[PDB]
Amino acid sequence: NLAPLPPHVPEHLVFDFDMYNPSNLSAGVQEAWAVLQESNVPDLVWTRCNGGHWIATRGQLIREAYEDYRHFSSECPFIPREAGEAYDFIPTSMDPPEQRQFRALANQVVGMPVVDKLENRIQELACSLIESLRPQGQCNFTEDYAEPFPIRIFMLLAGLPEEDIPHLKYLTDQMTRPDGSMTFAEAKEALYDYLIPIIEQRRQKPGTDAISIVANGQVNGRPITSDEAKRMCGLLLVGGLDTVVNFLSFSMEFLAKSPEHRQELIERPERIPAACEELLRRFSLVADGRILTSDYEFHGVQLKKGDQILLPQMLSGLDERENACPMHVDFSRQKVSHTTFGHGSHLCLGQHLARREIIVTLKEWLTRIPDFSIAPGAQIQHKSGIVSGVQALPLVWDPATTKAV
Ligand code: HEM
Ligand SMILES: c1ccc(-n2ccnc2)cc1
């Protein structure tokens, strides 16, 4: 389903990319998108899928569009339009200076200080999950670890019941990797049905949990409304359930195939942080966009007011102009250039939490289970959307080579 080309689009700039089902998916999700960076593709293209929209394909353009909120507005940040339209998450659907205030609160909730405080549970939960897996010689890394690890730390932070996971996660999934089973608005509404009662409850009777702080927070001298708090909370939910979850499976899949990468991190632990950035560069996984607030001419292309452009965060780091041999994972790169956590005013507040959860896992897994591989005859499938994922990650290992701690 290709939509007819608007009049301002030169046919030479057409490249029908389906962000929800790219062509080379079998090769891997990052490889499927990287086709956008082949020599035949212009820097800025137009696709007729998902209703027609632009795509910036180069780190330089993505950054520029990310900085330029005057032109590129966060009002309608998701493709397809109906999706960007119905979404009203804060602070993601606002531009500066309105953004700034809401931003400041969200940070109170997820920032450094919170992570600093949760470190021991993070470390505690990782060791517990791993030790529990170790003797089995086999998991489903996606369901066995990638999901629970991050999610249970979030639920703890938010003060929400673990029982809610399956329900929440389904709703969250529908948002980034739409199934077809429910539209964005229906999905959005359902998560909202959930939150409303919770928030009400926490404005009356506050806790120390994330929701309670958001619900009772101050924005621009006055109290935040319920509707605003709902809209921030909606964001936190997706961040907690849908991000680190998918990241970990791509990294673990890479690790399960590269013995030598595992070794390096084993003998030279000082490299873990470095490694973590490189993997954040290589297995980057977010793709959103902005809407044109007016007619504007960008890098010799005319953009009409109301046009959506996808500015895949994913691609900056995979761009050869930014990183030599981009599909090559080298833990010793002098400069790891990525925009995995975004760029500009909307830079990811949860990046600290995410880095802590990644480093804990690599350090802790490698300690106990140094030697693992993907199960024989396992066919790993990726998934594309706003946030890309791995469908399942069947791992096997010999228990005899593990180490209990
Ligand atoms: C590996 C994991 C993660 C990645 C790759 C990621 C990526 C991003 C990206 C690219 C943006 C900006 C989107 C835009 O500019 O439209 C963003 C914003 C945001 N992320 Fe993350 N994120 C991750 C994890 C988290 C976590 C764990 C949380 C907290 C629960 C979170 C909370 C936020 C919030 C609150 C913002 C909005 C900041 C603002 O609009 O000023 N993220 N994230
Ligand atoms: C699309 C969907 C989810 C997100 N997100 C939330 C937290 N971190 C990233 C950003 C854009």
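Backbone-built Cβ (ideal geometry, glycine too); neighbour counts: all protein chains shown. Derivation of every value follows stated rules applied to the coordinates shown; laboratory data play no part.
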Exercise. Does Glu357 qualify as being of a type in the set (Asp, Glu), in contact (Cβ under 8 Å) with a residue 24 or more places away in the chain and under 30 Å from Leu157 (Cα atoms)?
Worked result: yes
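Looking only at residues in segment 75-86 that are more than 10 Å from ligand 1 (Cβ to nearest atom) and assigned to a loop (DSSP other than H, G, I, E, B), which one is surrounded by the fewest Cβ atoms within 10 Å (Cβ to Cβ)?
For segment 75-86, the residue satisfying everything is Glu75.
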Seminar exercise, completed: Apart from one, (1) of a type in the set (A, V, I, L, M); (2) part of a strand (DSSP E or B); (3) within 22 Å of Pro22 (Cβ to Cβ) all hold for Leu395; the odd one out is (3)
Seminar exercise, completed: Picking from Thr340, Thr293, the residue that is among the hydroxyl-bearing types (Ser, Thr, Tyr) and either over 30 Å from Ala210 (Cα atoms) or without any contact (Cβ under 8 Å) to a residue 40 or more places away in the chain (or both) would be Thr293
Seminar exercise, completed: Sole miss for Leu195 among (1) free of Cβ contacts under 8 Å to residues at least 24 places away in the same chain; (2) within 16 Å of ligand 2 (Cβ to nearest atom) is condition (1)
For this session: Can you tell me which residue within segment 36-58, out of those that are free of Cβ contacts under 8 Å to residues at least 60 places away in the same chain and more than 20 Å from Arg177 (Cα to Cα), is surrounded by the most Cβ atoms within 10 Å (Cβ to Cβ)?
Result: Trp46
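Considering segment 325-342 alone, what residues qualify as being of a type outside the set (D, E, K, R) and either part of a helix (DSSP H, G or I) or away from ligand 2 (no atom under 13 Å from the Cβ) (or both)? Walk me through it before giving the result.
Quick first cut of segment 325-342, residues of a type outside the set (D, E, K, R) only: 325-329, 331-332, 334, 336-342.
Selection gives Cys325, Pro326, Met327, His328, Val329, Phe331, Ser332, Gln334, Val336, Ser337, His338.
Can you go through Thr339, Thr367 and tell me which one is surrounded by 21 or more Cβ atoms within 10 Å (Cβ to Cβ), within 22 Å of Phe254 (Cβ to Cβ) and of a type in the set (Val, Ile, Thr)? Outline the logic, then answer.
On the way: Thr367 fails: surrounded by 21 or more Cβ atoms within 10 Å (Cβ to Cβ).
Going through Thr339, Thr367 in turn, the sole match is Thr339.
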Problem set entry | segment 18-47: number of residues that are among the hydroxyl-bearing types (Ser, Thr, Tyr), over 25 Å from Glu297 (Cβ atoms) and more than 18 Å from the chain's Cα centre (by Cα) | 2
For this session: Considering (1) in a helix (DSSP H, G or I); (2) under 22 Å from the mean Cα position of the chain (by Cα), say which one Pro197 fails and leave the rest.
Result: (2)
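Scanning segment 150-185 for residues that are assigned to a helix (DSSP H, G or I) and of a type in the set (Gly, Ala, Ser), which turns out surrounded by the most Cβ atoms within 10 Å (Cβ to Cβ)? Outline the logic, then answer.
Quick first cut of segment 150-185, residues assigned to a helix (DSSP H, G or I) only: 150-158, 162-176, 184-185.
The next check asks that each one be of a type in the set (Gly, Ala, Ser); those that pass are 158, 185.
On the way: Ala158: 21, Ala185: 13.
Per the criteria, the residue is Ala158.
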For this session: Check off (1) out of contact with any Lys or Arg (no Cβ under 8 Å at 6 or more places or on another chain); (2) over 30 Å from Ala106 (Cβ atoms) for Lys335 and give me the number that stays unchecked.
Result: (2)
Problem set entry | Only one of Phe72, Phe15 that is over 21 Å from the mean Cα position of the chain (by Cα), surrounded by 15 or more Cβ atoms within 10 Å (Cβ to Cβ) and of a type in the set (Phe, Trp, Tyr) | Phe15
Problem set entry | Evaluation of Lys304 against (1) touching a residue at least 24 places away in the same chain (Cβ under 8 Å); (2) over 19 Å from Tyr69 (Cα atoms); (3) surrounded by fewer than 14 Cβ atoms within 10 Å (Cβ to Cβ) (one fails), failing number | (2)
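Please return the ranges of strands (runs of 3 or more DSSP E) entirely within segment 230-324 where 2 or more residues are out of contact with any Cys (no Cβ under 7 Å at 6 or more places or on another chain), within 15 Å of ligand 2 (Cβ to nearest atom) and at negative phi. Reasoning before the result, please.
Details: elements: 288-292, 296-298, 301-303, 308-311.
Once the strands (runs of 3 or more DSSP E) in segment 230-324 are filtered for at least 2 residues that are out of contact with any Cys (no Cβ under 7 Å at 6 or more places or on another chain), within 15 Å of ligand 2 (Cβ to nearest atom) and at negative phi, what remains is 288-292, 308-311.
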Seminar exercise, completed: Scanning segment 52-84 residue by residue, the ones that are out of contact with any strand residue (DSSP E or B) (no Cβ under 6 Å at 6 or more places or on another chain) and β-branched (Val, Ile, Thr) total 1
Seminar exercise, completed: Here the qualifying pairs (Cβ atoms under 8 Å; residues six or more apart or on different chains; first in segment 145-156 and closer than 17 Å to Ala392 by Cβ and away from ligand 2 (no atom under 14 Å from the Cβ); second assigned to a helix (DSSP H, G or I) and of a type in the set (S, T, N, Q)) come out as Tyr145/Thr361; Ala146/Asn246; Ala146/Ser249; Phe149/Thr361
Exercise. Which residue pairs have Cβ atoms closer than 7 Å, lie 6 or more positions apart in sequence or on different chains, and pair a first residue in segment 225-247 that is touching a residue at least 12 places away in the same chain (Cβ under 8 Å) and of a type in the set (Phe, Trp, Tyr) with a second residue that is away from ligand 2 (no atom under 11 Å from the Cβ) and in a helix (DSSP H, G or I)?
Worked result: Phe247/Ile358
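Of everything in segment 316-350, what is acidic (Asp, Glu) and in contact with a helix residue (DSSP H, G or I) (Cβ under 6 Å, 6 or more places away or on another chain)? Give them in sequence order. Step through it out loud before you land on a result.
Of segment 316-350, the ones acidic (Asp, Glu) are 319-320, 322, 330.
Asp319, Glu322, listed by residue number.
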